[PDB]
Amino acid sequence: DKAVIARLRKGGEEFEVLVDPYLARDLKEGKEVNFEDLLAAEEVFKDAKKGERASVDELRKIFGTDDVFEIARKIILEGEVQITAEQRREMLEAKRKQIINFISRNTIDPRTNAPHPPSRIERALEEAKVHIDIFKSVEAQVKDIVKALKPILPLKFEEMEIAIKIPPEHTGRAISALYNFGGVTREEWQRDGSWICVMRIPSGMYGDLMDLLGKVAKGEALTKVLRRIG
């Protein structure tokens, strides 16, 4: 009873599969999913609660194939995943969090070129009554959300390129930490033991980069803002 029914009406018939609701959510978002884990039974049902299985001949007729994996994919994508009220709440809470974190990191308020705390984006989501879609990725719904937020919270998606030089003593620590932060481009070791790159980062993550650099090169790293990319 961990599995939930996903259901699709096709050609005057009902078809059901029994799936892990989180992995089904992942598939509808466009993530890669392990079908052996997704499916609780490798079967298409006419009625899963009664154990009435769909015949191979009916599947070929309606779906054009008898492959349970391909048919499960269609049912999940085109049909309805019957998650519980408590799964839905939990998924909604997790998705809203990811949206909030992504907006906070990938935008700046043009009233300092700085980023709103998560808490301010959260209140703004409440106040504009933004619909959160649990079966879409952040990336696929965030444009629409930011547009619903424009009236009461102004936000621009901005990136920056920032030239970095790390002196020879501090490379062992700094380089590896910068790759871990992400955004390293045009990296070049220098004959004197130093190393340079251009970091391409979400403008909301500037202050976080600058703190990382303080830590890992003890305030000896040199930087230069090359451009902001609106």
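For every residue, the number given is its place in the sequence shown, counted from 1.
Look at the mean CA B-factor for 122-130 and for 92-100 in the entry; the higher one is 122-130. A summary of the deposited B-factors shows that, of 109-117 and 132-140, the stretch with the larger mean C-alpha value is 109-117. Residues shown: 28, 165, 50, 200. Highest C-alpha temperature factor in the entry: 50. In the PDB entry, the Cα temperature factor peaks, among 2, 227, 7, 224, at 2. Sorting the modelled residues of the chain by their CA temperature factor places residue 195 in the middle third. Remark: residue 11 belongs to the middle third of its chain, ranked by C-alpha B-factor as recorded.
When the CA B factors of the chain's modelled residues are split into thirds, the value for residue 21 lands in the lowest one. Among the modelled residues of its chain, residue 148 has a C-alpha B-factor that falls in the highest third, as given in the PDB entry.
Among the modelled residues of its chain, residue 186 has a C-alpha B-factor that falls in the middle third according to the deposited record.
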